[PDB]
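Cβ placement follows ideal geometry from the backbone for every residue including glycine, while neighbour counts extend to all protein chains displayed. Coordinate-derived values only; no laboratory data.
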Amino acid sequence: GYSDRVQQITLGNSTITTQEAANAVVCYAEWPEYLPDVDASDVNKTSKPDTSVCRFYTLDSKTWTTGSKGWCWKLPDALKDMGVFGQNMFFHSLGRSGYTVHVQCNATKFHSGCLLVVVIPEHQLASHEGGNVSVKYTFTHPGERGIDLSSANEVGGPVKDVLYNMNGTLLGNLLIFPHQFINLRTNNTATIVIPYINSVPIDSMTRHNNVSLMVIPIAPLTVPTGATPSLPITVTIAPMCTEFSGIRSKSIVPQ
Amino acid sequence: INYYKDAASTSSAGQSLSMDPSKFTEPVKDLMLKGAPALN
Amino acid sequence: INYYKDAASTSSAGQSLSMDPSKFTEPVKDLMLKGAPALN
Amino acid sequence: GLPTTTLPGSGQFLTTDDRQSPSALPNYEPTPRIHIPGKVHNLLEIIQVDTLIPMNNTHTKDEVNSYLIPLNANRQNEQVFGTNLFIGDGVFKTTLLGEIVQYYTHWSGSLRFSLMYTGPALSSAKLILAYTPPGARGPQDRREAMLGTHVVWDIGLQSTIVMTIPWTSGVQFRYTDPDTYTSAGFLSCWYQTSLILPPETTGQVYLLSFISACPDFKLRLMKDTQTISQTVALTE
Amino acid sequence: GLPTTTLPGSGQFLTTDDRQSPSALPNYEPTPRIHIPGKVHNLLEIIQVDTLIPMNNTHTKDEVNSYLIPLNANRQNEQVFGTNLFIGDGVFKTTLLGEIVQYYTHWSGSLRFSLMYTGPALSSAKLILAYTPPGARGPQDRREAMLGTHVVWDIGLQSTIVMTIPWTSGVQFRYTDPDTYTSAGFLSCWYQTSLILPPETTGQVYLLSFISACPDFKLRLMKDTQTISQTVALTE
Amino acid sequence: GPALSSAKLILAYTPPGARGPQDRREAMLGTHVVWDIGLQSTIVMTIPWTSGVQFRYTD
Amino acid sequence: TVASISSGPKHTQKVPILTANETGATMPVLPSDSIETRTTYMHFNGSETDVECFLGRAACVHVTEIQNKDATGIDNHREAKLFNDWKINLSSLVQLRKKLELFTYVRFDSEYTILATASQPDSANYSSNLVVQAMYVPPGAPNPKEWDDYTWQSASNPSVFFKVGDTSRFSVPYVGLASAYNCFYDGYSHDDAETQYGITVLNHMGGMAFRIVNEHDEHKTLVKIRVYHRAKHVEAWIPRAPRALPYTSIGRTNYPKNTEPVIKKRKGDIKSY
Ligand SMILES: Cc1cc(CCCCCCCOc2ccc(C3=N[C@@H](C)CO3)cc2)on1
């Protein structure tokens, strides 16, 4: 009586149940694991807070309306302030982590709409100015708020044009990245497990984000007659196999 | 025959002949069998 | 393959892979053990 | 001194030849490799992942909406969409498949075309997808369409339908770039019965459509893509 | 006559290639080697010998005094010295380590920083040395400093203290030449308790400081040093 | 609720030492379960024994 | 290898063509799951789509130019092209760039070919024969100031001398600092509020300097350098969506404003063929 459909994920002191899942994606078919010695470089023993950092943090909720263009969060940024995960983050020189991402959106059998939930490794954004204008730090570190693709261009911020993925590629091809759809008629959640993907064994958690999670409405939300025209979307994310190394004074970052 | 000492100096590599699209085409956690229902 | 008769005409030598810094880093007459006191 | 003779071609530089060269950095030791998920070995590995087709091309500036094929409730017998199968041009051209095919001169193989339905769960519909092999015109009505490769799709719990365009061909390779002799057919879709919405519901519903290549597929003779060009060198 | 084809690069002179050449002096017999103490095989052998760092760089013309870090009796909580760790520049630059690092583009490894105390034997002191890994600012007070790599040094019979800056890094190599992304941290030193001089004694005492590389160390991709140049050829 | 409705609730247990949470952000950092309302009508949350002292008074 | 097996009529409870794309998988459906097929063999291996093959041919990566002329009274050799210099990089020209950016991280050895041809746009009695000297000036090493500085001694820095009209060729090992080169980098060099974003900060490869060794003749001679790059021993990870809009800058993803629709509009209906 197991269905692909019902699932439970327990991680730390927190549990999620979905009764309307559509399997789960594990990026590149690899599950998060700690850093092996053969791959290690820094000689420091690392710190593995385990259950105090590897639990589920639910970010603040978004509201899908008929005019929504899509939202974008960066990792580990989105979690920069969650509990002890965040403290560890500002206090060590280097850290590394994988995540379980669970995006939630329920409706009824009269609604229609379909969101794309995708994880993009190394999502370098484009400046809407063109040329070689850079995208300032603050703009690519929105924190739990994430970036709202239907917000206005700002100065020093990225471009927010959806048919171009914020980088000069077409929305249609985002499907080459680990992703899952939430089609109100099928699905009510999306779950993706992200292994740590980098060109170095461990890195800085503040100067470099290693994935952007993106939720994009593709088939517009259509509510039943005289229904309220909107649904909330909630994102809950859990660091998994986290390791921190090179402890010290506590980083100070712009803004 | 390599005439040179360093590995960078050798010619192109030879075909992976690796080929396994499943990391890209089927990264699902619970295995899906073709023919069985997608969602049970 | 050497094409030439004299030794000077051969290519560069190949790595010493000798490496022993102690003549420079520890030329002391009575051996010092790390962890034992320097001056007894 | 060993006697030699040099042949025609001596001194030429062929950008495609593969030979040994002296290393400028004798004895240098590269950084160790660490493990990174995701290694690609063949472009054939990636063109099997499906991506969305902007089938609804009828707009005037690129929009998320050209990915949506609309469906109308209560129409009978009528046609949902049509396209030829020049995978290197037209709707296909910006898709990952289209985009890679363009790096090669010839392609052969089967294509997989699927449609995922997004209408309310309490609605229902039966569509027919038809592949018309080279030699006939794009079908003009379902009767015409239904006499070639087709699948009656019944919209249900299982949200997507995967149609295969089996390789139908005299010549074993076709050019990517639109050739006549080498042309592959048409793909059309019609209401088999009709879309029906539940009460309290209204308007258009949309289908999303994807394209990817079957394991069947072959691409050969690499060349340059018409999809990218430039007028002056870029700088930092 | 055997048929050949010559490739691109024929006739070039690459200063780094290693091939055979005819000897101009056929059959000449070199002088026998005799034994000489001191043979060097790797530059890695010599960068492990420690040499003095002109830490006290604050003078205006080079002087023996910039090797001396002064210490003041009776100060509490305060800071003895500070420096970043760009081994290819600044204090490090003229040291043997600094001087060799400059012949290579990339370095990786642990550094050994030691301090030898020279104050009267009847004095006493406790200092803290702190290494701050990349990512934070140079510490501004001991509280800040003590939260990173540190050693409380107790001045005693044993005159020197050897602090190691363990390799703390994401990227496995850093440039010698000052790179940001690639930067290595800061090194600071503060009074842990304070220097105390015996009676009949007065003034400043000094610490000498050395730097050498741990056996850990790697240097790669040789290049030319900014440390030497010229405007006309020399003559006899 | 009617069978054709849907809902997702979070239940949170806050162990001794902090105040009753004032908003979900605060609540979600302690023991919690996201409940998805479905066919399966009930959700069972456990308040695991979190305690220094091994017994507490009822009163 | 069979490309298609033989398959006949089906009337089952086992439907391989109905799936749920919401899952993120592309189910491996074949012609034989939905029509009746006959056996056929592949006759093909997929050799020429190997990434080593795809990135393994020489591409032009840079065209620069230097001139041989009397430097007498020139206050800025660099500025007179008495010796140009190039900030090594692999995204200045776009044909190869789009190919590499199909991947996120890439690792390979490089084989460089350098073609140099001379031009004599104004009245010369003859064509002189010039020798070019290209130096590798990695970052941290003195960079040339005049066309005949001590720098050109290049006692520790690899340099090649070849003749104009000829070609020079040598191969450099993978010089990246990490395990792979980042084709993309969503980071900064440090948490600065105004530091540049992108890879510009990561792809610190240093520059390469060209000059003519010859002193000047009576006329002036323009020498134009073309650098070709061939990847050998390629390794690529994490495929990405291909580049759709035009490029504007080395190292940023930025596209131009008021660009044109990249998807071709139908001449007709959705229903059109
Ligand atoms: C004489 C002489 C001249 C030289 C040059 C040595 C080669 C050094 C260049 C190293 C390779 O440089 C790069 C730069 C960028 C990239 C790259 N950028 C991203 C888009 C992808 O790859 C790769 C290699 O060596 N000897």
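Tabulated results
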quantity: Considering residues of region G:126-142 that are part of a loop (DSSP other than H, G, I, E, B) and within 17 Å of G:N89 (Cβ to Cβ) only, the residue nearest to the chain's Cα centre (by Cα); calculated: G:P138
quantity: Residue within region G:254-272 that is within 12 Å of the ligand (Cβ to nearest atom) and at negative phi present; calculated: no
quantity: Considering residues of region A:6-31 that are among the small types (G, A, S) and out of contact with any strand residue (DSSP E or B) (no Cβ under 7 Å at 6 or more places or on another chain) only, the residue surrounded by the fewest Cβ atoms within 10 Å (Cβ to Cβ); calculated: A:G12
quantity: Selection within region D:8-62 - touching a residue at least 40 places away in the same chain (Cβ under 8 Å) and assigned to a loop (DSSP other than H, G, I, E, B); calculated: D:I47, D:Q48, D:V49, D:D50, D:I53, D:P54, D:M55
quantity: Selected residue [more than 14 Å from chain G (Cβ to nearest Cβ), buried (at least 24 other Cβ atoms within 10 Å of the Cβ) and in contact with a strand residue (DSSP E or B) (Cβ under 9 Å, 6 or more places away or on another chain)] from A:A238, A:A190, A:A219; calculated: A:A238
quantity: Scope region E:180-205; condition buried (at least 20 other Cβ atoms within 10 Å of the Cβ) and within 13 Å of chain G (Cβ to nearest Cβ); matching residues; calculated: E:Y181, E:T182, E:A184, E:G185
quantity: Subset of region G:49-95 [within 16 Å of the ligand (Cβ to nearest atom), in contact with a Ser or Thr (Cβ under 9 Å, 6 or more places away or on another chain) and more than 12 Å from chain D (Cβ to nearest Cβ)]; calculated: G:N84, G:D85
quantity: Residue list for region D:63-98, restricted to those being under 22 Å from A:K160 (Cβ atoms) and either within 15 Å of the chain's Cα centre (by Cα) or not in a loop (DSSP other than H, G, I, E, B) (or both); calculated: D:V64, D:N65, D:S66, D:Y67, D:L68, D:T94
quantity: Residue in region G:95-116 that is surrounded by fewer than 17 Cβ atoms within 10 Å (Cβ to Cβ) and closer than 15 Å to G:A59 by Cα present; calculated: yes
quantity: Those residues of region E:102-135 which are in contact with a strand residue (DSSP E or B) (Cβ under 9 Å, 6 or more places away or on another chain), closer than 30 Å to G:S156 by Cβ and outside any strand (DSSP E or B), in sequence order; calculated: E:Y103, E:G109, E:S110
quantity: Filter result (of a type outside the set (K, R), more than 9 Å from every other protein chain (Cβ to nearest Cβ) and either part of a loop (DSSP other than H, G, I, E, B) or in contact (Cβ under 8 Å) with a residue 12 or more places away in the chain (or both)) within region A:32-49; calculated: A:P32, A:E33, A:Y34, A:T46, A:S47, A:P49
quantity: In region G:12-45, the residues that are surrounded by 17 or more Cβ atoms within 10 Å (Cβ to Cβ) and charged (D, E, K, R); calculated: G:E22, G:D33
quantity: Residue satisfying all of: in region D:84-98; more than 14 Å from D:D177 (Cβ to Cβ) and not β-branched (V, I, T); nearest to the other protein chains (Cβ to nearest Cβ) among these; calculated: D:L96
quantity: Region E:21-42, subset surrounded by 14 or more Cβ atoms within 10 Å (Cβ to Cβ) and closer than 27 Å to G:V160 by Cα, residue nearest to the ligand (Cβ to nearest atom); calculated: E:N42
quantity: D:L157 being hydrophobic (A, V, I, L, M, F, W, C), surrounded by fewer than 24 Cβ atoms within 10 Å (Cβ to Cβ) and part of a strand (DSSP E or B); calculated: no
quantity: Only listed residue being touching a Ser or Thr at 6+ places or on another chain (Cβ under 9 Å) and more than 10 Å from chain G (Cβ to nearest Cβ), chosen from D:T105, D:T132; calculated: D:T105
quantity: Evaluation of F:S5 against (1) within 18 Å of A:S14 (Cβ to Cβ); (2) of a type in the set (G, A, S); (3) in contact (Cβ under 8 Å) with a residue 24 or more places away in the chain (one fails), failing number; calculated: (1)
quantity: Enumeration of residues in region A:16-29 that are assigned to a strand (DSSP E or B) and free of Cβ contacts under 8 Å to residues at least 24 places away in the same chain; calculated: A:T17
quantity: Boolean, A:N153 is touching a residue at least 40 places away in the same chain (Cβ under 8 Å) and within 11 Å of chain G (Cβ to nearest Cβ); calculated: no
quantity: First in region B:5-17 and facing chain G (nearest Cβ under 7 Å), second anywhere and surrounded by fewer than 19 Cβ atoms within 10 Å (Cβ to Cβ) and among the charged types (D, E, K, R), Cβ under 6 Å, 6 or more apart; calculated: B:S11/D:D18; B:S11/D:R19; B:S12/D:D18
quantity: Lone unmet requirement of (1) at the interface with chain A (Cβ under 10 Å from one of its Cβ atoms); (2) farther than 20 Å from G:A244 by Cα for D:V64; calculated: (2)
quantity: Hits in region A:50-65 - residues which are assigned to a helix (DSSP H, G or I) and either under 19 Å from the mean Cα position of the chain (by Cα) or away from chain F (no Cβ under 13 Å) (or both); calculated: A:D50
quantity: Of residues in region G:105-141 being more than 10 Å from the ligand (Cβ to nearest atom) and in contact with an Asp or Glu (Cβ under 6 Å, 6 or more places away or on another chain), the one farthest from E:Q12 (Cα to Cα); calculated: G:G140
quantity: Check on E:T31, within 14 Å of chain G (Cβ to nearest Cβ) and closer than 30 Å to C:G14 by Cα; calculated: no
quantity: Which numbered condition D:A125 misses (of (1) more than 22 Å from D:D50 (Cα to Cα); (2) of a type in the set (A, V, I, L, M, F, W, C); (3) surrounded by fewer than 21 Cβ atoms within 10 Å (Cβ to Cβ)); calculated: (3)
quantity: Region D:197-211 - residue that is among the polar types (S, T, N, Q) and over 11 Å from D:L52 (Cβ atoms) and, of those, farthest from the chain's Cα centre (by Cα); calculated: D:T201
quantity: Region E:153-172 residues that are closer than 30 Å to D:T31 by Cβ and more than 7 Å from every other protein chain (Cβ to nearest Cβ), paired with ones that are assigned to a loop (DSSP other than H, G, I, E, B) and of a type in the set (S, T, N, Q) (beta carbon under 9 Å, 6 or more apart); calculated: E:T164/E:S110; E:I165/E:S110
quantity: Whichever residue in region A:168-187 is in a helix (DSSP H, G or I) and at the interface with chain G (Cβ under 7 Å from one of its Cβ atoms) and, among such residues, is farthest from A:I216 (Cα to Cα); calculated: A:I176
